[PDB]
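Please read the structure below before turning to the comments.
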Amino acid sequence: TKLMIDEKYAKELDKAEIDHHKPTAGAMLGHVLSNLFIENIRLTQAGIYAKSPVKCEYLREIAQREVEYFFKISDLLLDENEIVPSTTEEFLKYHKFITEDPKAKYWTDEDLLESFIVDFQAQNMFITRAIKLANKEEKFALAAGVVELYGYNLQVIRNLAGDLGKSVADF
Amino acid sequence: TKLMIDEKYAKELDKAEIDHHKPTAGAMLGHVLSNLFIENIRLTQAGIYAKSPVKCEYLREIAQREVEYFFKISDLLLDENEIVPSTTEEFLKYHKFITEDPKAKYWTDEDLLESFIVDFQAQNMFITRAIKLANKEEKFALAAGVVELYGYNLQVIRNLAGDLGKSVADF
Amino acid sequence: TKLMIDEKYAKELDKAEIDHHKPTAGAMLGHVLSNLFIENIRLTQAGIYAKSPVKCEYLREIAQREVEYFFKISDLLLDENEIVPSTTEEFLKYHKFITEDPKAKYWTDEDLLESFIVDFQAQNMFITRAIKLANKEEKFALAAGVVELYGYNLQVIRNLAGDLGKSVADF
Amino acid sequence: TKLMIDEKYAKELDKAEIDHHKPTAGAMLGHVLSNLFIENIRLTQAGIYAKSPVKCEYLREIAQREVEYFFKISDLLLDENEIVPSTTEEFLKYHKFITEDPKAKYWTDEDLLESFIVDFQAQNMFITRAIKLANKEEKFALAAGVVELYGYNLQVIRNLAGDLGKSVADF
Amino acid sequence: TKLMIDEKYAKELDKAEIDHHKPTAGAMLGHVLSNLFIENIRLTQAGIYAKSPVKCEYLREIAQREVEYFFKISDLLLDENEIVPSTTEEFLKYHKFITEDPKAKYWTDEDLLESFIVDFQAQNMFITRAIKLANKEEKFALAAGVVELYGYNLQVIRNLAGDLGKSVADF
Amino acid sequence: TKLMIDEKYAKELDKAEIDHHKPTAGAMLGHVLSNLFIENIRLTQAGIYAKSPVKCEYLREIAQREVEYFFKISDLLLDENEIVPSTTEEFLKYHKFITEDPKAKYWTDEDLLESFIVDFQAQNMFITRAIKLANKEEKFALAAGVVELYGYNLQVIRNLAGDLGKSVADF
Amino acid sequence: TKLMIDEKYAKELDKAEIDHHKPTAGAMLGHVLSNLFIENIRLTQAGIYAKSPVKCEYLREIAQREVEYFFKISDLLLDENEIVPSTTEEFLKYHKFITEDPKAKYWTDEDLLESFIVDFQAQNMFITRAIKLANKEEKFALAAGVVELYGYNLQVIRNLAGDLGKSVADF
Amino acid sequence: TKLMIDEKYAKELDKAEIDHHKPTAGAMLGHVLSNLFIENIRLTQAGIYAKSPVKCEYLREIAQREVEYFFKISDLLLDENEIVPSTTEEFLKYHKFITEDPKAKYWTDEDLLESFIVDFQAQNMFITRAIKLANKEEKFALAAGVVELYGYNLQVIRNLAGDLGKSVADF
Amino acid sequence: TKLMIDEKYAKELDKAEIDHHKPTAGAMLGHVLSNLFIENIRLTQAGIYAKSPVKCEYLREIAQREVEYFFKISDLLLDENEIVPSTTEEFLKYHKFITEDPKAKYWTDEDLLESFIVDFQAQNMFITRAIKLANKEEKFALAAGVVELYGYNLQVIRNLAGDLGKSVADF
Amino acid sequence: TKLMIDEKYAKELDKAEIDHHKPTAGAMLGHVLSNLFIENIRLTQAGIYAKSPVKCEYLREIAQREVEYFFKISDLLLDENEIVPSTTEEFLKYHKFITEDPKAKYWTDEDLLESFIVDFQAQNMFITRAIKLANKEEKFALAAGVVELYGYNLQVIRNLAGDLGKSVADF
Amino acid sequence: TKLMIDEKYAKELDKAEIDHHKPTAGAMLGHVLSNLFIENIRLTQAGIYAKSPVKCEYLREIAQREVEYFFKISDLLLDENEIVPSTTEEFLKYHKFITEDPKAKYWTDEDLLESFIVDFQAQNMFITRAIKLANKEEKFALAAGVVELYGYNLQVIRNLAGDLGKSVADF
């Protein structure tokens with residue numbers, strides 16, 4: 001179905017601008033999903049390049065869970081009839097605050113962990129809203145799924161802080 | 001106990017009519033549960049009679065989930081002192097928009113699938129309202145239970161739809 | 001559609017009446033299967049309103065087994081090209097000796113159990129016959145499945161009888 | 001450092017005074033977590049001294065769930081940067097309505113069970129408030145955890161009630 | 001014992017030729033067993049050459065059950081002191097209806113499935129007789145073993161039938 | 001109670017003398033069950049005194065099975081209102097053919113094996129008869145049960161014989 | 001060989017009489033092992049004929065443990081070059097205070113439970129003396145195993161007494 | 001009931017008194033059991049408040065073992081008809097050496113660990129005496145129970161010491 | 001579709017002749033895959049008819065691995081777009097050195113074992129060539145696969161050899 | 001740091017000389033553990049070189065238990081603050097009775113097995129002493145660990161004796 | 001027969017000298033195998049005496065894998081008709097570079113880690129060589145097994161290096 005594909009993409013992209021300006025849950029979650037996937041790439045790097053075995057294990061595992069939440073929340077969206085980023089182009093466009101650096105393979109394990117606490121704090125601005133929006137839109141299942149990912153982020157934050165000696169307060 | 005069990009059933013029936021008017025959540029779930037059981041019967045039938053071994057599996061599994069959710073929500077309700085429909089007669093009284101059919105043994109697989117998509121949208125009218133009604137009566141556990149069932153139905157609709165070739169859009 | 005479906009159905013109903021009078025194995029098992037499903041509901045009701053949570057877990061187990069035998073025997077029949085009751089309608093037509101009751105939610109535990117002993121003794125008059133017919137008809141696998149059911153029913157009777165402090169010999 | 005600790009703890013007693021009046025979620029949860037632990041002891045007691053081996057094993061199973069919820073919710077509180085009663089002192093300070101009794105070891109199994117239904121009802125008056133508070137504070141993961149607990153308590157009340165031969169209504 | 005082998009073997013050939021004439025159960029299970037093995041090979045071919053990854057999986061699994069029945073039934077036979085074919089030569093001699101074809105790698109999935117529906121029915125003509133003969137000879141355990149295999153073939157027929165979108169009726 | 005218990009036993013001895021004479025299924029199985037338990041004791045002895053660690057393990061597994069079969073079949077008799085021997089005195093009364101020997105601890109492993117081949121061939125004389133009587137009496141589930149036992153015994157005979165380096169012909 | 005078997009068994013008989021007034025640990029364990037086996041027969045009886053299905057399963061469970069221990073300890077005795085009772089004959093001769101009663105199928109559940117509380121207390125007179133002798137002879141592993149059985153027996157007395165409503169003290 | 005109870009308790013506190021002077025095993029284990037429960041609270045505190053999430057898992061694991069030994073040893077005691085601490089009340093009377101501290105929530109991880117090395121060396125003083133007493137009294141199974149706990153503490157001490165970078169000598 | 005099947009098979013035959021000249025890898029594995037299947041049958045004969053139960057278990061397991069490799073290398077060849085024999089006729093065409101024999105069922109266990117030692121040594125002549133050719137053709141995964149099978153064979157050889165009390169050198 | 005170490009080593013070597021000449025349990029367990037490791041090498045040899053596959057498996061498993069006991073007992077000792085040999089040097093000094101031999105590859109399976117009966121009997125001479133000495137030093141956990149090891153050894157002796165056709169007596 | 005052993009060992013000795021000269025795969029694996037066993041001892045020492053519980057756990061797992069590779073490679077060798085060192089004496093003769101030190105119980109965890117990093121790079125000089133020699137000799141399975149050991153060592157080196165905060169390049 002050739003002629004009608006480009007026209008379905010241009011009507012998706014039209015609805016892409018109209019939904020980011022009046023915030024819908026759907027559109028908000030575009031940043032959240034793009035954030036998960038780019039976090040997943042950073043955690044991949046850090047699971048590979050960190051020095052202690054014990055911390056490579058833990059970061060790889062957080063990587064796994066970013067991807068698990070990506071699929072879980074995508075499925076929850078599409079279930080409720082919305083749309084979802086699905087390429088490097090889109091993820092890079094809708095991704096806020098998180099940033100990669102090729103140099104990070106030489107950072108110390110402390111400085112790696114610390115960047116992940118800032119990232120996850122940043123991820124939590126967008127998830128926080130998405131919850132509020134999703135309750136208003138009466139998307140109940142998508143709501144609870146996102147509360148879960150809120151809870152998980154907090155838990156990661158406190159675990160990474162704790163691993164550096166500090167408290168959640170220290171940040 | 002013979003003429004003071006008739007006293008109890010009469011005083012549950014005065015209670016039952018008074019609850020459907022201002023709808024209580026327990027009344028509304030009288031419809032969701034009765035739909036679950038009757039839907040379980042339809043799925044049983046398609047689970048036996050459909051042709052594809054794969055689709056007979058998937059459908060027998062959805063039937064099994066409807067009975068699980070019957071039990072789970074029935075439990076949550078009795079937990080919060082409410083009453084639940086427990087017979088064929090009662091299930092027939094309160095069921096809505098689902099219709100059985102002995103002739104469905106000879107439908108084509110797709111005609112069976114499609115019929116369950118409509119049945120499941122319909123199920124979601126009464127469920128969405130029971131969520132709202134349960135949050136209002138401050139039955140928090142029930143609410144989350146009914147949010148889960150809601151979210152599952154969405155899952156089941158988008159699966160049946162994909163297995164016909166079609167987006168959830170289409171319905 | 002419609003035309004091919006109405007001829008297949010009227011030819012089934014014709015053939016069904018004939019078979020019911022001479023009895024065939026599959027006709028007799030229409031009563032067994034219908035009994036299975038109505039007991040399911042009865043045991044589902046009791047599994048919900050009985051007080052002792054031990055008797056509730058046990059009765060819900062007997063419900064799941066009756067559905068298990070529903071699918072197992074249905075499959076055995078379809079495997080030998082018979083037809084199977086598959087709606088509430090046909091269940092109510094063909095079920096004998098077992099009787100629902102919305103006032104059972106207020107029965108006592110001792111009395112629910114006693115009703116199931118009688119119920120199950122009643123299911124056996126029909127199973128017994130379906131074994132014998134199945135062997136005449138040389139539907140050997142089916143015969144084996146129905147023997148299993150016969151023995152499971154005998155076991156349940158003696159477990160419920162023991163749970164009320166009674167020998168099976170009392171009943 | 002022995003003096004910086006004393007400072008931090010003076011601060012905590014100040015902050016906690018303010019928080020119990022204006023009730024924050026943390027502070028309501030202080031009574032809930034304290035109740036969990038004291039119930040743990042009561043149930044430890046009754047799981048040892050109750051005569052029926054079946055009731056003993058059930059009573060220890062519930063004992064372990066108190067601790068499980070105690071850890072679960074505490075992790076949720078600290079994740080959102082609150083604080084938790086961690087000593088026998090603070091538990092007795094903040095515990096409400098539940099009272100221990102060394103002579104319970106000579107109570108009958110019925111009276112033990114009876115006493116937990118009443119304890120678990122009491123526990124609920126506070127949990128309710130803490131769900132409501134935690135929603136207010138936009139502490140979503142925490143809120144969900146506490147609803148789970150609400151649910152469990154209702155389940156327990158009912159099972160204990162059923163085991164005694166009664167309904168939820170009776171109490 | 002080299003010549004005591006040769007004369008043990010002429011005595012097998014005398015007892016075996018006498019035994020096919022009247023048929024014994026053993027005699028008749030020679031064909032049943034020989035068909036399982038050759039069928040096993042057909043399904044090995046099909047499970048490698050079919051296109052559909054799912055159907056490959058399902059065919060490879062049936063091949064495996066064909067060999068499990070071969071050992072199960074050979075064992076039940078040797079247990080009642082009968083002899084069993086165990087070479088390519090003998091399986092070729094004794095097998096009927098099931099024809100191999102090096103050309104079937106080139107057939108269509110639908111075409112393969114259909115060849116197996118006919119093989120399995122064909123198998124059943126001998127199995128059926130082996131059940132009766134085994135029961136007449138009062139080989140009770142062999143009997144129940146072969147009954148089970150009868151039941152399996154029916155099941156495979158109907159699933160194969162259902163996967164082509166047909167009812168068993170058709171065949 | 002002390003005279004309803006003593007004249008309940010006087011009628012059990014009346015009923016059980018009449019039944020041994022027109023051999024009922026239940027009374028044949030009285031020898032079957034007594035044989036199982038006495039065999040259990042012999043296998044226990046051999047399981048302890050045999051020299052081969054491998055054989056000790058196998059013999060202990062067969063002892064376990066004899067007990068499993070004593071329970072399975074005792075349960076099927078009771079389900080179907082029969083009665084079962086349950087004391088040393090009674091096992092020693094109805095047991096035939098199998099004879100204990102405290103001197104067997106000094107036997108060679110091969111002689112022990114030999115003594116079980118003969119023991120197990122002997123149990124089959126009665127097991128055989130009980131199947132027939134069970135089908136006659138239309139105790140279907142029981143009959144199936146005793147068919148498994150018969151099969152099992154046949155397979156033990158063949159493995160014991162093989163371990164001695166002989167096919168079952170020789171025996 | 002028949003002659004040396006006889007000669008060895010004569011020596012065995014000389015050695016057992018001498019060892020029974022010395023009392024060695026092996027001789028005392030003679031009584032313990034015989035008690036275990038006969039208790040097994042008693043638990044088997046009670047596990048078949050008792051009314052409560054929960055109690056049947058529990059009694060069977062204890063029957064199994066008696067046997068496990070019979071083997072465990074027998075193996076520990078043989079390891080330490082002692083001899084072990086291996087026949088009904090020797091068990092009857094060496095057991096103490098445990099008596100069987102064909103009439104016990106008609107006892108009440110409470111009366112069976114009580115009879116086992118007395119049987120296990122009787123069993124512990126011997127176990128006790130055997131632990132003490134096992135330590136005297138410095139058969140270290142043997143002694144630890146018999147400490148276990150001593151403990152299991154206590155666990156069991158407390159559980160049977162709990163079920164009957166009572167405390168160990170009442171006994 | 002209410003005075004049967006009140007002087008069952010009078011005879012307990014009276015007999016507990018006599019029993020703490022010629023220190024019985026039961027009496028001594030009152031201190032050990034009380035210590036276990038308070039330590040459990042401490043390990044809870046530290047398991048929530050410690051900074052390293054590896055150490056938080058480990059310390060929860062030790063909290064959980066301490067509770068299991070509370071039930072194991074309590075069960076062993078009651079099996080031997082002895083009474084056991086059941087309330088915060090009695091745990092505070094009988095506990096010695098272990099002191100709780102709400103300020104602990106602000107200690108370094110290393111100071112937390114040291115506090116436990118010393119806690120566990122102190123528990124061992126009473127455990128050691130409890131073993132000897134339990135062997136004088138010939139409560140064999142209770143002794144083995146207590147030897148296990150003794151060995152567990154030692155292991156904990158050495159692992160704790162190890163994580164501090166110290167060998168066990170240094171304490 | 002019937003004349004095309006016949007044309008593809010003519011080209012297959014054409015190509016197959018050319019390929020057996022230079023040998024290709026796949027052509028070599030024609031012999032290896034045929035030897036595997038034919039050996040599976042020999043091993044099935046010996047697995048049914050050997051005397052020792054332990055040898056029967058082991059031979060049956062070797063047969064299963066013969067088949068598992070047959071699938072695993074056939075997949076590996078199809079992946080690399082080669083073709084694979086798959087009928088009795090081709091197996092018999094390309095098989096080398098392995099010879100079936102109906103007389104084998106009377107051989108002694110030790111002679112069955114010896115014949116498999118020789119068979120597997122022979123099997124390896126073709127496996128060797130196949131690895132080397134797979135390397136030339138750069139079929140990397142097919143090569144690693146066939147090395148696995150080479151190792152399996154050397155292992156089977158030493159194990160059968162050792163069961164005969166002989167070293168691999170002896171052969 | 002290279003001089004703190006040598007004085008620590010010399011105070012070790014001095015302590016050890018006093019300890020061996022009085023014996024302590026730690027010193028005695030020096031022999032026991034050196035014996036375990038050398039045995040593990042001997043069993044490793046025999047597990048590689050014996051002919052019978054079944055016996056290789058078994059010896060390899062005894063080897064692995066020897067190592068498990070090595071860690072278990074070392075830990076029990078270090079927990080109780082003793083020192084443990086940990087180099088080839090040291091095991092060779094302290095090992096008694098067990099004698100390695102590179103020509104053992106050429107022995108008969110029967111001869112290898114006889115060699116390990118004699119070794120395990122000789123191990124026990126020291127283990128016995130370690131047990132008495134550990135009870136005397138009031139190292140309770142260690143005592144119980146070594147009692148296990150004693151029991152294992154005796155069990156292994158009988159099993160090897162059995163596998164040669166002999167009784168533990170012949171030994 | 002004592003004499004033949006001596007002659008076979010004499011020939012072993014001759015051939016060992018020939019084979020270490022022109023080095024065969026096998027003789028090169030004499031050093032590799034002996035290095036595994038000595039490392040196992042070093043790792044045992046280090047896994048008992050190291051300070052950190054995490055590092056003890058990890059070092060023991062490496063001791064375990066060394067032993068597993070010793071069996072895996074020894075079995076591959078013997079399948080391929082080679083000989084394997086199997087005493088302390090031989091291990092000491094053929095191990096290069098690794099050396100034990102009884103004073104290492106008093107090293108720091110870091111020194112222990114660095115010493116294994118060096119030992120493991122030393123191990124690979126020989127492994128590398130055995131891989132080439134095995135490919136040269138067409139011992140295909142051996143080679144693959146040894147490549148797998150190589151891989152493991154490299155993975156071990158990086159993990160140890162990482163635990164010291166260092167990159168592998170440092171080494």
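Naming scheme: A, B, ... for chains in displayed order of the structure tokens; residues 1 onward per chain; ligands 1 onward as shown.
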Counting only C-alpha atoms, what is within 6 Å of range 73-83 of chain K, bar same-chain residues fewer than 3 positions away, as a ChimeraX atom specification? /I:154-155 /K:69-70,142
All residues 9 Å or closer to residue 57 in chain G, only C-alpha atoms, same chain fewer than 5 positions away omitted, as a CSV table (one decimal) with N, CA, C and O atoms, in the first residue's frame:
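As a result, out-v9.csv now contains:
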chain,number,residue,atom,x,y,z
G,47,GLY,N,-4.6,-43.7,58.0
G,47,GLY,CA,-4.6,-42.8,56.9
G,47,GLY,C,-5.6,-43.2,55.8
G,47,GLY,O,-5.8,-42.5,54.9
G,52,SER,N,-11.8,-37.3,58.5
G,52,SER,CA,-11.2,-36.1,58.0
G,52,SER,C,-10.2,-36.2,56.8
G,52,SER,O,-9.2,-36.9,57.0
G,62,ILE,N,3.1,-38.8,58.1
G,62,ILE,CA,3.9,-39.5,59.2
G,62,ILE,C,4.2,-40.9,58.9
G,62,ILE,O,5.3,-41.4,59.3
Please provide the set of residues having any atom within 7 Å of range 30-43 of chain A, restricted to only C-alpha atoms, with same-chain residues fewer than 5 positions apart removed, written as number ranges by chain. A: 59-60, 63, 66-67, 70, 84-85, 91, 94-96, 100, 123, 126-127
Between CA of residue 138 in chain E and CA of residue 140 in chain F, what is the spacing in Å?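 Rounded to one decimal, the two atoms are 16.6 Å apart.
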Can you pull out every residue from range 13-137 of chain C that DSSP, working from the backbone, puts in alpha helix (DSSP H), and format the result as number ranges by chain? C: 13-21, 25-49, 53-79, 88-94, 109-136
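We find CA of residue 130 in chain G and CA of residue 29 in chain G to be spaced 6.2 Å apart.
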List every residue of chain B that has an atom at most 9 Å from any atom of chain A, giving for each one its closest atom pair and the distance in Å to one decimal, counting only C-alpha atoms, sorted by chain and then by ascending residue number, as CSV.
residue,atom,partner,partner_atom,distance
B:128,CA,A:138,CA,8.5
B:131,CA,A:140,CA,8.7
B:144,CA,A:144,CA,8.5
B:147,CA,A:140,CA,6.0
B:148,CA,A:141,CA,6.5
B:149,CA,A:141,CA,8.9
B:150,CA,A:141,CA,7.1
B:151,CA,A:141,CA,4.9
B:152,CA,A:141,CA,8.4
B:154,CA,A:79,CA,5.4
B:155,CA,A:79,CA,5.9
B:156,CA,A:79,CA,9.0
B:157,CA,A:79,CA,8.0
B:158,CA,A:79,CA,6.1
B:168,CA,A:81,CA,6.8
B:169,CA,A:81,CA,7.0
Please write the residues from the selection above to a file, keeping N, CA, C and O atoms, as an mmCIF file, in the first residue's frame.
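This went into again34.cif:
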data_model
loop_
_atom_site.group_PDB
_atom_site.id
_atom_site.type_symbol
_atom_site.label_atom_id
_atom_site.label_comp_id
_atom_site.auth_asym_id
_atom_site.auth_seq_id
_atom_site.Cartn_x
_atom_site.Cartn_y
_atom_site.Cartn_z
ATOM 1 N N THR B 128 -15.376 0.690 33.088
ATOM 2 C CA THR B 128 -14.915 2.081 33.248
ATOM 3 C C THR B 128 -15.734 2.817 34.268
ATOM 4 O O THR B 128 -15.219 3.593 35.057
ATOM 5 N N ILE B 131 -14.903 1.592 37.884
ATOM 6 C CA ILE B 131 -13.661 2.166 38.385
ATOM 7 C C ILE B 131 -13.981 3.462 39.105
ATOM 8 O O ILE B 131 -13.608 3.638 40.263
ATOM 9 N N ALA B 144 -8.220 -0.865 41.994
ATOM 10 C CA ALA B 144 -6.968 -1.307 41.354
ATOM 11 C C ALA B 144 -7.179 -2.658 40.686
ATOM 12 O O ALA B 144 -6.566 -2.927 39.660
ATOM 13 N N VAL B 147 -9.136 -1.843 37.661
ATOM 14 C CA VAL B 147 -8.233 -1.217 36.681
ATOM 15 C C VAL B 147 -7.406 -2.230 35.875
ATOM 16 O O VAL B 147 -7.043 -1.993 34.736
ATOM 17 N N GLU B 148 -7.093 -3.346 36.527
ATOM 18 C CA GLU B 148 -6.318 -4.429 35.926
ATOM 19 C C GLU B 148 -7.144 -5.124 34.861
ATOM 20 O O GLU B 148 -6.658 -5.391 33.760
ATOM 21 N N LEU B 149 -8.391 -5.432 35.197
ATOM 22 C CA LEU B 149 -9.317 -6.083 34.266
ATOM 23 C C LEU B 149 -9.566 -5.232 33.050
ATOM 24 O O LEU B 149 -9.521 -5.732 31.922
ATOM 25 N N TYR B 150 -9.782 -3.937 33.274
ATOM 26 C CA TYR B 150 -9.899 -2.969 32.197
ATOM 27 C C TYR B 150 -8.722 -3.078 31.286
ATOM 28 O O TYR B 150 -8.914 -3.287 30.104
ATOM 29 N N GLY B 151 -7.514 -2.957 31.819
ATOM 30 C CA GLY B 151 -6.282 -2.978 31.033
ATOM 31 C C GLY B 151 -6.006 -4.258 30.241
ATOM 32 O O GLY B 151 -5.345 -4.212 29.203
ATOM 33 N N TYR B 152 -6.514 -5.369 30.755
ATOM 34 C CA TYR B 152 -6.411 -6.677 30.124
ATOM 35 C C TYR B 152 -7.292 -6.694 28.873
ATOM 36 O O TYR B 152 -6.812 -7.016 27.799
ATOM 37 N N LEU B 154 -8.272 -4.282 27.064
ATOM 38 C CA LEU B 154 -7.617 -3.535 26.002
ATOM 39 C C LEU B 154 -6.595 -4.415 25.287
ATOM 40 O O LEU B 154 -6.522 -4.401 24.061
ATOM 41 N N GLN B 155 -5.783 -5.142 26.063
ATOM 42 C CA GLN B 155 -4.795 -6.097 25.539
ATOM 43 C C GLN B 155 -5.423 -7.130 24.583
ATOM 44 O O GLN B 155 -4.981 -7.282 23.447
ATOM 45 N N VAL B 156 -6.458 -7.809 25.070
ATOM 46 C CA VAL B 156 -7.204 -8.818 24.332
ATOM 47 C C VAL B 156 -7.808 -8.263 23.040
ATOM 48 O O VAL B 156 -7.856 -8.983 22.067
ATOM 49 N N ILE B 157 -8.252 -6.991 23.029
ATOM 50 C CA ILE B 157 -8.835 -6.375 21.834
ATOM 51 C C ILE B 157 -7.756 -6.169 20.846
ATOM 52 O O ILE B 157 -7.925 -6.607 19.734
ATOM 53 N N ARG B 158 -6.634 -5.561 21.207
ATOM 54 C CA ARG B 158 -5.581 -5.283 20.221
ATOM 55 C C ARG B 158 -4.872 -6.576 19.679
ATOM 56 O O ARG B 158 -4.278 -6.556 18.612
ATOM 57 N N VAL B 168 -6.128 -1.639 15.992
ATOM 58 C CA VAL B 168 -7.195 -1.420 16.951
ATOM 59 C C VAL B 168 -8.096 -0.290 16.449
ATOM 60 O O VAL B 168 -9.311 -0.326 16.675
ATOM 61 N N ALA B 169 -7.477 0.681 15.766
ATOM 62 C CA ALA B 169 -8.197 1.713 14.983
ATOM 63 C C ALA B 169 -9.396 1.160 14.354
ATOM 64 O O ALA B 169 -10.530 1.556 14.700
#
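Among the candidates B:71, B:58, B:97, B:49, the residue lying nearest to residue 121 in chain B is B:97 (atoms considered: only C-alpha atoms).
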